[PDB]
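Each remark here refers to the structure printed beneath this line.
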Amino acid sequence: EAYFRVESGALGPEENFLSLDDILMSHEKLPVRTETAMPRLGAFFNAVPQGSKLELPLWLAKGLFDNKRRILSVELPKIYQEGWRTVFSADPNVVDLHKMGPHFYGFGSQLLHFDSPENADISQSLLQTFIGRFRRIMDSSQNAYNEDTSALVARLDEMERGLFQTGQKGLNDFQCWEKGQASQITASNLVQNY
Amino acid sequence: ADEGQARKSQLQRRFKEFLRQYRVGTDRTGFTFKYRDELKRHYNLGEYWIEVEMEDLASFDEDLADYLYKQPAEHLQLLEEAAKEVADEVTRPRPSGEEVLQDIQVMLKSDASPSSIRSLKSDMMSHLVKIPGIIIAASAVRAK
Amino acid sequence: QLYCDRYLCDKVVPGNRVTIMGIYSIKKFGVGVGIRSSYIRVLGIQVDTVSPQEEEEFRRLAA
Amino acid sequence: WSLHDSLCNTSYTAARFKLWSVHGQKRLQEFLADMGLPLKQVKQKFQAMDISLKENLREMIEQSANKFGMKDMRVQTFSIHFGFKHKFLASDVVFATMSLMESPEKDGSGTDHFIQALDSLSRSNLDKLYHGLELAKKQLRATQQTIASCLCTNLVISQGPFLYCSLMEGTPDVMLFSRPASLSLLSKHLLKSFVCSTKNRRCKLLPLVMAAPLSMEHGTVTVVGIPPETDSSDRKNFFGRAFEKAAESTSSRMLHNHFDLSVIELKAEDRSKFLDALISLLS
Amino acid sequence: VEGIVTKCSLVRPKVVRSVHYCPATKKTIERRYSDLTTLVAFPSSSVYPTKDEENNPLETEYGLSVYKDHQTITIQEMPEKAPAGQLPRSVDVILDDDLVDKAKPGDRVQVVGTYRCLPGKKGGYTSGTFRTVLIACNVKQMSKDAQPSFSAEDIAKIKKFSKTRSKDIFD
Amino acid sequence: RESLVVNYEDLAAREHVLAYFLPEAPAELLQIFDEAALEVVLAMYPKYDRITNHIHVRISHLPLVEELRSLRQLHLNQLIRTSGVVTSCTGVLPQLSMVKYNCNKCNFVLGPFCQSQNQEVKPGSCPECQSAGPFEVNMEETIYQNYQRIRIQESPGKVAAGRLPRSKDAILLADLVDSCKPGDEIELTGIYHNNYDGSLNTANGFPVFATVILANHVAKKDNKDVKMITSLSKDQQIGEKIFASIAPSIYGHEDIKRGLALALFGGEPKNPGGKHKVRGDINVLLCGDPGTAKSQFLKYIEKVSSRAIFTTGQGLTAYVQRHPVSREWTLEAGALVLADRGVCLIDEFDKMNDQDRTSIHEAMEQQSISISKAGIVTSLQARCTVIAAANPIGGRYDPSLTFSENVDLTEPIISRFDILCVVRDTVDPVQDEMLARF
Amino acid sequence: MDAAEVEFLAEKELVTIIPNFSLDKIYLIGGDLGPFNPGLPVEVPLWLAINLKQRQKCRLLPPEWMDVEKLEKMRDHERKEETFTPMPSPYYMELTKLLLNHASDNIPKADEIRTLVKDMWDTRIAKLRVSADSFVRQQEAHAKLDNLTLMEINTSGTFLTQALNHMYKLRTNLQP
DNA sequence: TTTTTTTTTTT
Ligand SMILES: Nc1ncnc2c1ncn2[C@@H]1O[C@H](COP(=O)(O)OP(=O)(O)O)[C@@H](O)[C@H]1O
Ligand SMILES: [Zn+2]
């Protein structure tokens, strides 16, 4: 109630520095093709050729990128390719955005700092998927009371679980006021140890 | 014949005032409308079924919960046609994609002592029974 | 013999314990001269009966 | 309860009908048949019994109990309604509270049950009352299975001026009556069943004295004393003096710990040393 | 629908039009047929008129009529997708019009067809129970079971490698 | 109970004229007696109307016990008393008793016709819209009654002297259903009623009618205070006195008498508190050369015990069977589920088949069978004590080898037996007289 | 916010009681009260009427808008109109909870007032999730809520605003 | 969808 973690800026211009969600977000891998040799460090993948397909975290490919593609170029995973961008248009209420994740909107908004050609078509997928999956999170979260919700929440990602936990915290708080139950003073964080 | 529908239009009105009025909880703590809220919370999720309890129906209006034990066939219909007229005045206006009112399968449970298969004498023909057992088979779903 | 319906279908699996509330009735598809068949039209059914923190008692024990 | 399980357990029709001897169990059957109560409705819970029977039940029962020698069958009490389904008789609250405070299984100090029973008297806690009615049932079905022991085995000794009994640990459901407060009711129902059972004319007017083991480690038992039973007993007990003077004479180890005097804890070895001096003292 | 084919039926014709002829009047009348396995679903009778008007006799002409093929297969749920507690469910498909022999027992197909219920009546009294079928209008074998789709780049590589060295290519 | 018994002999004593009218036209006297007993009971218990409002009077031991093969056409529609085993029973099906239809064009219910057990009832034309058509029943006002059909047949050795055993049908109505199971020995008492069948006429070529006994009273003939037993058990020496009470004829073997007596009463089937399910059944396995009254030890325990069954090893589990009467492919009980609490007497244990062997062992340490047969997947109960006797190989038990050799039995099976008695023999002069004389 | 502070803001509404004790004017930091003449009406803030009722020192009175007839017209007016219609008091839910729980015997026909209030509530909540779905569905940037009371706002606000922020972000991530 | 009898392939 007073532990206010630093929130995630993974949807705006640039992720926050201290947010433990973005730190684990950017760690996810991404495919690149190198433009030069990689001397003195070919141990991991001593030198590495130019024109080689490698898998690197996102944070690494932040500074190793330039406009001229001096060191390496990037190509998007298939989840954001043209293939799946039609699937997410058929009916977005069917996809398991936890397997295709578990950071869909967080990752996809950082792949816009690579000035690829099809950006005007990724920032339209996300917008049209989130709008598609809305009337199923506005209604399965404000209307699921004293139920086992661990199956209404099995196909969501970190940007959506944060909302499914705000619908419930406002349902279970009006239903606790209606029953004269939110008058008793209780232990706040000690019942967490118990 | 003409008194038939005139009784029904007076039962389908007393089965509707039960869902619309039955509460629980005391006066010290606070109350809770038990079946309107479940109708709404099951409709908005897209489930279309409530679970009426026979003790409640008995304690509200004593005659209805007796008809329901004697003539369950022709009274479950009135119950399920009042559940549909209450689920209409509770969830409306439905937002955009649905505007046709669905049909509410009213199940019902109870807390009463169970009979047994060996105690199904023919005088129990068309009376609510309550038997325990063990499922042994299962057909494949079909249309009807 | 039972007869389940819209939302009671695929609710129980062969091997379960249940408690049926049904309308004992007769088939009307119209050994003896006036014998009928009989079933129970079910309209109520019942059934009789990994973690994050659990992960750590594996972690520390492996460590 | 059901209408059947509450005739077999009230210690006022479980005495007259003699519902512990197969010879008189048919009396209950005849009583039920004389009213037109199907044996299948009487076995089911009362809230689910058909509506056509319960019209004048409380009169067709008082009548058909004259034909059997039970004329004090209607009493004067009160009842409360809260809401839609909440309907209590003033002698259900009592049997539920009295059994939340004296539950056998102990979960802490002596003042852990007291709190849970004080809780269940306000209307904001109908979930404890409605729970303390499943203990009060479990107790009443485990009392007629003890008064059925000491009357199909004749463990009521006629030790002279007073009857006498005792209990055995091996019998099931005898650790439930270990408390020194839930033992007085068992004895006071035992006397009521006995006085109706025996054929003598002397035993029918002698007070009872009962002992049951308290503590195996200290090796001690608990002892009570109840007035001579009758219909119009004045209810003026006299054992708080007898036990005192008897322990004084024998000079044994006793404890008058409670507030009432007629309940004592006694060494398992000073039983006879105490009892003989008491027999002589009451004379 | 996805899943395994576990039987097939015997391919049989099925009329969709007749062409009759009057040897007396030298005319030519036709007749259009339809059953419950169409998209329009009117049950026509296969009476094959022999005397439209009682005066003249008729005679069918099979060469000028129109028949079509008709099969009936049974898809069944994949084994590794069943909850393993039951006998996996099935469904009936009605292939047609040169979709016919496109599936043999033991395959993994993805039929794409309309879903339909077809009623009946034996003696003017119908049980409410119906039988539901799938009037397929496409079929796909899921597993690719061949490797002929070489790229022109691949055949280029191949004709290179086969020419590079004829001495040491076997070893 | 709505069923009153009227012993016939007293009816003949106190009444000279009715006890002669009765077995002549009993389809109406047994109807008048109903309305008499009703008005009597409703006077002795004026509220009994709330219990079934209808009384049937049975009749006990007519003086004319009869055979089942000597029923000729003289007895059509006459009260009759017979005897014999019952060999089938359908399930308790509900039959119409006071039917009541409803018209399809007027929403009016037709007259309450009664159902007679020879011909389907026929409603006329609607007296409200003259809409003569195919009416359907009205499940809410119709009255039903239980129904069951059994096939009785002559007792095995009683009358079937030098011929085959005949059989007959019987129809048990409301209160009687489930009064008897396949294998019971009963003695019917019922009108012997005939009815026309169109099939027999097409097989025999002559107008021939079928017959059936509308049973009116079923009284089984089978096998169904402590103050003595107190001191008799307190003899302190009841062991010797009981050992020589079983095996009443067969001399000797006070050794195996002990073990079998131990087995008969059993032991205690305690439930271990560690979820280990120890069993409380004593299983015995005799063995010994031929001619030593093993089979008699089995047959006498068939008698003395209760709810016992028997089998040879030359049917052990429930199997699909086409019912004789109902003509449905049902499931019938085997031979290890009919001893679900008593004993199972196996004979010729050696002659069991591989399926039989793999099925017998399962029930020893689990006492529970599963049947995923063509009928349906079930899991039933079987708690029986097994009493069997094997044979020695080579026509003689020879004690040079271990017993696990002369028995010819799979090794993990002998472990499933508690006692292993070995019957043996020897030429002994002093016992030759003892056994001969006996 | 949270319901237990809307309930705090709602205990400032004025109600009318009938005391049965003598007391002279009190000068509260939020006004004046009294004098309390036994058997004579006086108007006080709720948090005092409730607290005096619990101590058996008064007898409440039903507010005028709390009539079983005018309410049976509000309940129909609400279902006819297709926008949020004006309501008797900005805090009617909390009034008809606190009053009817603590003074249900001084209010005639409490268990019909209660059901009509709940009927109104169950509609004004249905209009919200339609007015909060067209917003997203059509990607608006403004929405005029007409006569929403603070309680309806607070029951589904901390979800709606939090799910519109994540939409503004997704809709303006391509400009730079 | 059951017995019983008779021929031929198969473990
Ligand atoms: N000691 C005995 N006392 C009485 N009868 C005996 C004795 N020994 C053998 N018999 C006779 O032998 C018969 C039993 O043979 P049985 O044990 O069944 O042979 P098998 O074991 O080869 O089947 C009995 O009918 C009985 O008459
Ligand atoms: Zn008609």
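Chain labels A, B, ... are given in the sequence in which chains occur in the structure tokens; within each chain residues are numbered consecutively from 1, and ligands are likewise numbered from 1 in the order shown.
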
Using only C-alpha atoms, select each residue of chain E with any atom at most 9 Å away from an atom of chain C, and give the selection as a count of residues only.
-> 5

Selection near range 45-55 of chain E, 12 Å with only C-alpha atoms (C1' of nucleotides), sequence-local residues under 6 positions removed, as a PyMOL selection string | chain E and resi 14-25+27-36+61-62+65

Just-selected residues, N, CA, C and O atoms written as a compact mmCIF listing (two decimals), in the first residue's frame:
```txt
# COMPACT_ATOMS: atom_id res chain seq x y z
N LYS E 14 -24.45 -38.92 -58.19
CA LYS E 14 -25.59 -38.28 -57.55
C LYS E 14 -26.12 -37.27 -58.55
O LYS E 14 -25.36 -36.43 -59.01
N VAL E 15 -27.40 -37.38 -58.90
CA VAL E 15 -27.92 -36.60 -60.02
C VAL E 15 -28.13 -35.16 -59.60
O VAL E 15 -28.38 -34.86 -58.43
N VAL E 16 -27.99 -34.24 -60.56
CA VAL E 16 -28.34 -32.85 -60.30
C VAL E 16 -29.23 -32.32 -61.42
O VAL E 16 -29.69 -31.17 -61.36
N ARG E 17 -29.47 -33.14 -62.44
CA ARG E 17 -30.32 -32.75 -63.55
C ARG E 17 -30.58 -33.95 -64.42
O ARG E 17 -29.69 -34.78 -64.62
N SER E 18 -31.80 -34.05 -64.95
CA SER E 18 -32.17 -35.08 -65.89
C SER E 18 -32.54 -34.44 -67.22
O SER E 18 -32.76 -33.23 -67.31
N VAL E 19 -32.59 -35.26 -68.27
CA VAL E 19 -33.01 -34.82 -69.60
C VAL E 19 -33.86 -35.94 -70.19
O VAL E 19 -33.35 -37.02 -70.48
N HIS E 20 -35.14 -35.67 -70.37
CA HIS E 20 -36.06 -36.68 -70.87
C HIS E 20 -36.40 -36.41 -72.33
O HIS E 20 -35.92 -35.45 -72.93
N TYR E 21 -37.23 -37.27 -72.90
CA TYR E 21 -37.52 -37.18 -74.32
C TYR E 21 -38.84 -37.88 -74.60
O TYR E 21 -39.14 -38.91 -73.98
N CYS E 22 -39.61 -37.32 -75.52
CA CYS E 22 -40.89 -37.89 -75.91
C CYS E 22 -40.78 -38.46 -77.31
O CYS E 22 -40.72 -37.69 -78.28
N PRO E 23 -40.74 -39.79 -77.48
CA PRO E 23 -40.68 -40.34 -78.84
C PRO E 23 -41.90 -40.03 -79.67
O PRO E 23 -41.82 -40.10 -80.90
N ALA E 24 -43.02 -39.69 -79.04
CA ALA E 24 -44.24 -39.41 -79.79
C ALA E 24 -44.30 -37.95 -80.21
O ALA E 24 -44.47 -37.65 -81.40
N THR E 25 -44.17 -37.03 -79.27
CA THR E 25 -44.30 -35.61 -79.56
C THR E 25 -43.02 -34.97 -80.07
O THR E 25 -43.06 -33.83 -80.55
N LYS E 27 -40.65 -33.73 -78.46
CA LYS E 27 -40.22 -32.64 -77.60
C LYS E 27 -39.07 -33.12 -76.71
O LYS E 27 -38.55 -34.22 -76.86
N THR E 28 -38.68 -32.28 -75.75
CA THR E 28 -37.61 -32.63 -74.82
C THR E 28 -37.82 -31.83 -73.55
O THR E 28 -37.64 -30.61 -73.55
N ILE E 29 -38.18 -32.50 -72.46
CA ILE E 29 -38.38 -31.84 -71.18
C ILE E 29 -37.22 -32.17 -70.26
O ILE E 29 -36.57 -33.22 -70.39
N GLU E 30 -36.94 -31.27 -69.34
CA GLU E 30 -35.86 -31.42 -68.38
C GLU E 30 -36.43 -31.48 -66.97
O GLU E 30 -37.64 -31.40 -66.75
N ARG E 31 -35.52 -31.60 -66.00
CA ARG E 31 -35.88 -31.65 -64.60
C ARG E 31 -34.64 -31.36 -63.77
O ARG E 31 -33.58 -31.94 -64.01
N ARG E 32 -34.77 -30.45 -62.82
CA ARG E 32 -33.68 -30.04 -61.96
C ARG E 32 -33.88 -30.66 -60.58
O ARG E 32 -34.98 -30.63 -60.04
N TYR E 33 -32.82 -31.23 -60.03
CA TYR E 33 -32.91 -31.95 -58.77
C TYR E 33 -32.19 -31.20 -57.66
O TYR E 33 -31.29 -30.40 -57.91
N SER E 34 -32.60 -31.49 -56.43
CA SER E 34 -32.01 -30.87 -55.26
C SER E 34 -32.35 -31.72 -54.05
O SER E 34 -33.46 -32.26 -53.96
N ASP E 35 -31.40 -31.84 -53.13
CA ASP E 35 -31.59 -32.63 -51.92
C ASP E 35 -31.17 -31.81 -50.72
O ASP E 35 -30.93 -30.60 -50.84
N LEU E 36 -31.07 -32.44 -49.55
CA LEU E 36 -30.70 -31.73 -48.34
C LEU E 36 -29.20 -31.48 -48.24
O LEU E 36 -28.77 -30.82 -47.29
N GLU E 61 -32.74 -39.87 -71.16
CA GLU E 61 -31.50 -39.81 -71.91
C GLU E 61 -30.34 -39.57 -70.95
O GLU E 61 -30.14 -38.45 -70.46
N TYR E 62 -29.57 -40.62 -70.69
CA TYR E 62 -28.50 -40.52 -69.71
C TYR E 62 -27.31 -39.75 -70.24
O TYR E 62 -26.60 -39.12 -69.45
N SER E 65 -27.80 -36.03 -69.35
CA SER E 65 -28.07 -35.64 -67.98
C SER E 65 -26.77 -35.23 -67.29
O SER E 65 -25.70 -35.23 -67.90
```

Spatial neighbours of range 145-151 of chain E, 12 Å, only C-alpha atoms (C1' of nucleotides), chain gap at least 5 places, as a ChimeraX atom specification = /E:107-108,156-158

Create the file for the chosen residues now, containing N, CA, C and O atoms and written as a CSV table (one decimal), in the first residue's frame.
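Final output, out_5.csv:
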```csv
chain,number,residue,atom,x,y,z
E,107,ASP,N,-4.4,-39.7,-42.6
E,107,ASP,CA,-3.8,-38.5,-42.9
E,107,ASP,C,-3.9,-37.4,-41.8
E,107,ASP,O,-4.4,-37.7,-40.7
E,108,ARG,N,-3.6,-36.2,-42.1
E,108,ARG,CA,-3.8,-35.1,-41.2
E,108,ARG,C,-4.3,-33.9,-42.0
E,108,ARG,O,-3.5,-33.1,-42.6
E,156,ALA,N,21.1,-24.4,-59.2
E,156,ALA,CA,22.4,-23.8,-59.6
E,156,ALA,C,23.5,-24.4,-58.8
E,156,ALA,O,24.5,-24.8,-59.3
E,157,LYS,N,23.3,-24.4,-57.4
E,157,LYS,CA,24.3,-25.0,-56.6
E,157,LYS,C,24.6,-26.4,-57.0
E,157,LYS,O,25.8,-26.9,-57.0
E,158,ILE,N,23.6,-27.1,-57.4
E,158,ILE,CA,23.7,-28.6,-57.7
E,158,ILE,C,24.6,-28.8,-58.9
E,158,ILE,O,25.5,-29.6,-59.0
```

Quick one: DSSP alpha helix (DSSP H) residues in range 116-335 of chain F, as a tab-separated table (two decimals) with N, CA and C atoms, in the first residue's frame?
```
chain	number	residue	atom	x	y	z
F	200	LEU	N	-46.53	-67.60	-32.18
F	200	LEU	CA	-46.72	-69.03	-31.99
F	200	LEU	C	-47.66	-69.61	-33.04
F	201	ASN	N	-48.66	-68.84	-33.44
F	201	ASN	CA	-49.58	-69.30	-34.47
F	201	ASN	C	-48.88	-69.48	-35.81
F	202	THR	N	-47.80	-68.73	-36.05
F	202	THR	CA	-47.06	-68.82	-37.30
F	202	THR	C	-45.91	-69.81	-37.22
F	203	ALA	N	-45.62	-70.36	-36.05
F	203	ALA	CA	-44.63	-71.42	-35.93
F	203	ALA	C	-45.27	-72.80	-35.84
F	204	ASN	N	-46.27	-72.95	-34.98
F	204	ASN	CA	-46.92	-74.24	-34.79
F	204	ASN	C	-47.97	-74.54	-35.85
F	226	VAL	N	-29.10	-64.97	23.49
F	226	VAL	CA	-27.68	-64.98	23.81
F	226	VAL	C	-27.43	-65.64	25.17
F	227	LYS	N	-28.42	-65.60	26.07
F	227	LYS	CA	-28.19	-66.00	27.46
F	227	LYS	C	-27.57	-67.38	27.59
F	228	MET	N	-27.86	-68.29	26.65
F	228	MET	CA	-27.10	-69.54	26.61
F	228	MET	C	-25.68	-69.28	26.12
F	229	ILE	N	-25.55	-68.60	24.98
F	229	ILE	CA	-24.26	-68.37	24.34
F	229	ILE	C	-23.26	-67.76	25.31
F	230	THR	N	-23.75	-67.01	26.30
F	230	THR	CA	-22.86	-66.44	27.31
F	230	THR	C	-22.03	-67.53	27.98
F	231	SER	N	-22.69	-68.46	28.67
F	231	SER	CA	-21.97	-69.53	29.35
F	231	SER	C	-21.34	-70.52	28.38
F	232	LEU	N	-21.96	-70.73	27.21
F	232	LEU	CA	-21.38	-71.65	26.24
F	232	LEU	C	-20.04	-71.14	25.72
F	233	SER	N	-19.92	-69.83	25.54
F	233	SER	CA	-18.63	-69.24	25.22
F	233	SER	C	-17.72	-69.17	26.44
F	238	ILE	N	-14.27	-74.10	24.44
F	238	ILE	CA	-15.14	-74.23	23.28
F	238	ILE	C	-14.37	-74.65	22.03
F	239	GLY	N	-13.05	-74.55	22.04
F	239	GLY	CA	-12.23	-74.93	20.91
F	239	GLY	C	-12.42	-76.37	20.47
F	240	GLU	N	-12.13	-77.31	21.37
F	240	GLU	CA	-12.33	-78.72	21.05
F	240	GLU	C	-13.78	-79.01	20.70
F	241	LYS	N	-14.71	-78.41	21.45
F	241	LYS	CA	-16.13	-78.70	21.24
F	241	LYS	C	-16.65	-78.17	19.91
F	242	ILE	N	-15.99	-77.18	19.32
F	242	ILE	CA	-16.44	-76.70	18.02
F	242	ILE	C	-15.67	-77.36	16.89
F	243	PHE	N	-14.40	-77.72	17.11
F	243	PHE	CA	-13.61	-78.30	16.02
F	243	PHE	C	-14.29	-79.54	15.46
F	254	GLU	N	-8.32	-83.63	12.15
F	254	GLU	CA	-8.46	-82.58	13.16
F	254	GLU	C	-7.37	-81.53	13.03
F	255	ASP	N	-6.37	-81.77	12.19
F	255	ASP	CA	-5.42	-80.72	11.84
F	255	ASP	C	-6.07	-79.67	10.94
F	256	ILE	N	-6.57	-80.10	9.78
F	256	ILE	CA	-7.13	-79.16	8.82
F	256	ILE	C	-8.47	-78.63	9.30
F	257	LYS	N	-9.18	-79.40	10.14
F	257	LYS	CA	-10.37	-78.87	10.80
F	257	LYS	C	-10.06	-77.56	11.49
F	258	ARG	N	-8.92	-77.51	12.19
F	258	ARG	CA	-8.52	-76.30	12.89
F	258	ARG	C	-8.39	-75.13	11.94
F	259	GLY	N	-7.62	-75.31	10.86
F	259	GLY	CA	-7.40	-74.22	9.93
F	259	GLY	C	-8.69	-73.74	9.28
F	260	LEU	N	-9.54	-74.68	8.86
F	260	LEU	CA	-10.77	-74.28	8.18
F	260	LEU	C	-11.73	-73.59	9.15
F	261	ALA	N	-11.76	-74.03	10.41
F	261	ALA	CA	-12.55	-73.32	11.41
F	261	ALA	C	-12.03	-71.91	11.61
F	262	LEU	N	-10.70	-71.76	11.67
F	262	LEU	CA	-10.10	-70.43	11.70
F	262	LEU	C	-10.58	-69.59	10.53
F	263	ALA	N	-10.70	-70.21	9.36
F	263	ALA	CA	-11.07	-69.46	8.17
F	263	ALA	C	-12.54	-69.05	8.20
F	264	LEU	N	-13.41	-69.94	8.69
F	264	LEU	CA	-14.85	-69.75	8.53
F	264	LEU	C	-15.32	-68.43	9.15
F	265	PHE	N	-15.14	-68.28	10.46
F	265	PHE	CA	-15.50	-67.01	11.10
F	265	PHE	C	-14.65	-65.87	10.57
F	294	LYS	N	-11.36	-84.02	-0.19
F	294	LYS	CA	-11.21	-82.58	-0.37
F	294	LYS	C	-12.52	-81.96	-0.82
F	295	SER	N	-13.10	-82.51	-1.89
F	295	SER	CA	-14.32	-81.96	-2.45
F	295	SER	C	-15.44	-81.94	-1.43
F	296	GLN	N	-15.48	-82.93	-0.54
F	296	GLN	CA	-16.49	-82.91	0.51
F	296	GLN	C	-16.25	-81.78	1.48
F	297	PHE	N	-14.98	-81.49	1.79
F	297	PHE	CA	-14.68	-80.33	2.62
F	297	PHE	C	-15.15	-79.05	1.96
F	298	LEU	N	-15.13	-79.00	0.63
F	298	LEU	CA	-15.69	-77.83	-0.04
F	298	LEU	C	-17.21	-77.81	0.07
F	299	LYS	N	-17.85	-78.95	-0.15
F	299	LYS	CA	-19.31	-78.98	-0.25
F	299	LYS	C	-19.97	-78.73	1.10
F	300	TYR	N	-19.39	-79.24	2.18
F	300	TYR	CA	-19.97	-78.98	3.50
F	300	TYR	C	-19.84	-77.52	3.89
F	301	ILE	N	-18.74	-76.87	3.50
F	301	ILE	CA	-18.61	-75.44	3.77
F	301	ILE	C	-19.55	-74.64	2.89
F	302	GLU	N	-19.94	-75.19	1.74
F	302	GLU	CA	-21.04	-74.56	1.01
F	302	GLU	C	-22.28	-74.46	1.88
F	303	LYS	N	-22.60	-75.52	2.63
F	303	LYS	CA	-23.83	-75.55	3.41
F	303	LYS	C	-23.71	-74.71	4.67
F	304	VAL	N	-22.73	-75.02	5.52
F	304	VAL	CA	-22.69	-74.43	6.85
F	304	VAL	C	-22.58	-72.91	6.78
```

Protein and nucleic acid residues within 8 Å of ligand 1 (only C-alpha atoms (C1' of nucleotides) and all ligand atoms) as a PyMOL selection string | chain F and resi 249-252+288-296+348+391+435+438
